[PDB]
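So the protein sequences, as listed, match chains A and C. Counting from 1, one number per residue, gives the positions in the first sequence under PDB author numbering. Counting from 1, one number per residue, gives the positions in the second sequence under PDB author numbering.
Protein chains: 2
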Amino acid sequence: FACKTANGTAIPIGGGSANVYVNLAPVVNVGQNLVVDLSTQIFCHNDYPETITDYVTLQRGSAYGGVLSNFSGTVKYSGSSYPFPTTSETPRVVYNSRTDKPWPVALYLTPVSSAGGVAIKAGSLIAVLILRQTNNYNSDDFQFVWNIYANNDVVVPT
Amino acid sequence: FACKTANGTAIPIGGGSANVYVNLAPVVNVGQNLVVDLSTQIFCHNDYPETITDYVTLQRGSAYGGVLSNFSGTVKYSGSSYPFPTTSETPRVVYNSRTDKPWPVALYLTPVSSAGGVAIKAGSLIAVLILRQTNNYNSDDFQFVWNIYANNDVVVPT
Ligand SMILES: CC(=O)N[C@@H]1[C@@H](O)[C@H](O[C@@H]2O[C@H](CO)[C@@H](O[C@@H]3O[C@H](CO[C@H]4O[C@H](CO[C@H]5O[C@H](CO)[C@@H](O)[C@H](O)[C@@H]5O)[C@@H](O)[C@H](O[C@H]5O[C@H](CO)[C@@H](O)[C@H](O)[C@@H]5O)[C@@H]4O)[C@@H](O)[C@H](O[C@H]4O[C@H](CO)[C@@H](O)[C@H](O)[C@@H]4O[C@H]4O[C@H](CO)[C@@H](O)[C@H](O)[C@@H]4O)[C@@H]3O)[C@H](O)[C@H]2NC(C)=O)[C@@H](CO)O[C@H]1O
Ligand code: NI
Ligand code: NI
């Protein structure tokens, strides 16, 4: 089981970490949503799908930088909504093909009432997402860590 | 690491169970030997030998049906004799090649004094043997269970 990003960065069998740089709306008003759709960035596959089934969860998700200070939000995993920063591990998603398939995660972040000015500085870490892989054959519990960085500033007009 | 039989039946990575039907000597006299050579039926391989070596043992084995009722015997594992039913684990056999190589197990059974008539009925379960795989790389401890069935009657003439 391994995972790759869009621009090529990869995390091998056994786990590891990588940096994903995401584009954000340059301007977002209080009450609007800022969307980070990782389903178009992170892709994972099962290296022996014929006999084995891979199980993937969001073990935790955490907010950093300006998203922590100036945003509320939720994460949507495989059809269901959960708070972000995360308060529990999510249900499992199955990976059963050697073909790279997306990780169905999306962050919805909305500036809070007191938000104003520059709320996210470009290049800064805005979240960390921990993907947990297990399977149906052994006790493997692997962590694929994704450090999410902003490609641009985000301004919340006041 | 997986194991296959000659007739196609297989147990995949991680372990499992299977039913193996073996041809038996149609007739065996008291004082003669009945031989069940699984080394010519079960074969196992190592799927990544470059970094890891797989360790295989005969963990335990039990007799059922006519082998339980009408035969005494021992099991021979990789050149050495052991009690049957086996209540203790055997030394290890090494697997470090992708080439299918035999599981060196063979049962040597002799009819008991009172044996006479059909002593093994065709189609019946005659034994259960548990192959245990471990390795030098992971915490993998898998059981490949082999349920041994007789393909034909066996008669002990009196
Ligand atoms: C970038 C980098 O180098 N990363 C490191 C990484 O390379 C390294 O480890 C290994 O990576 C190899 C990359 O291909 C792996 O090779 C393949 O293995 C497949 C089987 O994988 C399953 O089995 C392994 C080994 O464990 C089992 O087997 C051993 C051996 O007996 C035993 O001890 C165990 O108890 C158990 O029985 C597991 O590790 C795998 O687990 C991972 O994947 C599963 C599935 O997603 C997860 O559930 C699990 O949690 C792990 O994430 C699997 O369980 C082979 O099927 C595969 O076969 C093809 O390629 C070889 C190459 O020659 C051919 O010879 C072979 O015939 C076969 O070819 C066929 O199939 C190909 C595609 O399938 C096709 O292209 C061919 O044309 C042909 O059709 C291959 O051998 C290797 O398994 C990895 N090893 C381990 C231990 O993970 C790791 C290790 O530290 O570090 C990275 O950094
Ligand atoms: Ni792969
Ligand atoms: Ni194999």
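Just so it is clear, CB atoms sit at the ideal spot from N, CA and C, and this is done for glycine as well.
Can you tell me which residues form a DSSP beta bridge with residue i?
i	result
residue 73(C)	109(C)
residue 121(A)	According to DSSP, which records beta bridges pairwise, residue 121(A) is partnered with nothing at all.
residue 47(C)	Paired residues: none, contrary to the question.
residue 20(C)	148(C)
residue 2(C)	45(C)
residue 170(A)	Outside the shown range of chain A, which is 1 to 158, sits residue 170(A), and nothing can be said about it.
Once the 5 residues before and after residue i are set aside, which same chain residues still bring their CB inside 8 Å of it?
i	result
residue 46(C)	1, 52, 53, 54, 95, 96, 97, 98
residue 24(A)	34, 36, 120, 150, 151, 152, 154
residue 26(C)	152, 153, 154, 155
Tell me which same chain residues have a C-beta within less than 6 Å of the C-beta of residue i, skipping the five on either side of it?
i	result
residue 130(A)	59, 60, 143, 145
residue 41(C)	5, 6
residue 89(A)	57, 59
residue 137(C)	52
residue 102(A)	39, 43
residue 158(C)	116
residue 141(C)	134
What does the alpha-carbon distance come out to for the pair residue i and residue j?
i	j	result
residue 155(A)	residue 28(A)	7 Å
residue 38(A)	residue 62(C)	54 Å
residue 112(A)	residue 5(A)	30 Å
residue 49(A)	residue 84(C)	38 Å
residue 18(C)	residue 124(A)	55 Å
residue 21(C)	residue 64(C)	14 Å
residue 79(C)	residue 104(C)	8 Å
residue 135(A)	residue 128(C)	28 Å
residue 117(C)	residue 44(C)	37 Å
residue 74(C)	residue 9(A)	57 Å
residue 82(A)	residue 106(A)	11 Å
residue 93(A)	residue 72(C)	52 Å
residue 148(A)	residue 126(A)	6 Å
residue 100(C)	residue 3(C)	8 Å
residue 91(A)	residue 132(A)	11 Å
residue 87(A)	residue 77(C)	53 Å
residue 139(C)	residue 12(C)	17 Å
residue 31(A)	residue 114(A)	11 Å
residue 69(C)	residue 16(A)	57 Å
For residue i, which residues from the same chain have a beta carbon less than 7 Å from its beta carbon, with the 5 sequence-adjacent residues on both sides left out?
i	result
residue 67(C)	109, 120, 126, 127
residue 14(C)	142
residue 122(A)	150, 151, 152, 153
- Message: Any C-beta of chain C within less than 9 Å: which residues of the segment 48 to 61 of chain A qualify?
- Response: 48, 50, 51, 52
- Please name the residues in the segment 86 to 97 of chain A whose beta-carbon is closer than 8 Å to at least one beta-carbon of chain C, in chain order. none
- Quick one: residues with CB closer than 6 Å to any heavy atom of ligand 3, in chain order, please. 2(C), 45(C), 47(C)
- Item | Residues of the segment 111 to 139 of chain A whose Cβ lies closer than 8 Å to any Cβ of chain C, in chain order | 136, 137, 138, 139
- Query: Listed in chain order, which residues of the segment 7 to 19 of chain C have Cβ atoms closer than 7 Å to some Cβ of chain A?
  - Reply: 12, 13, 14
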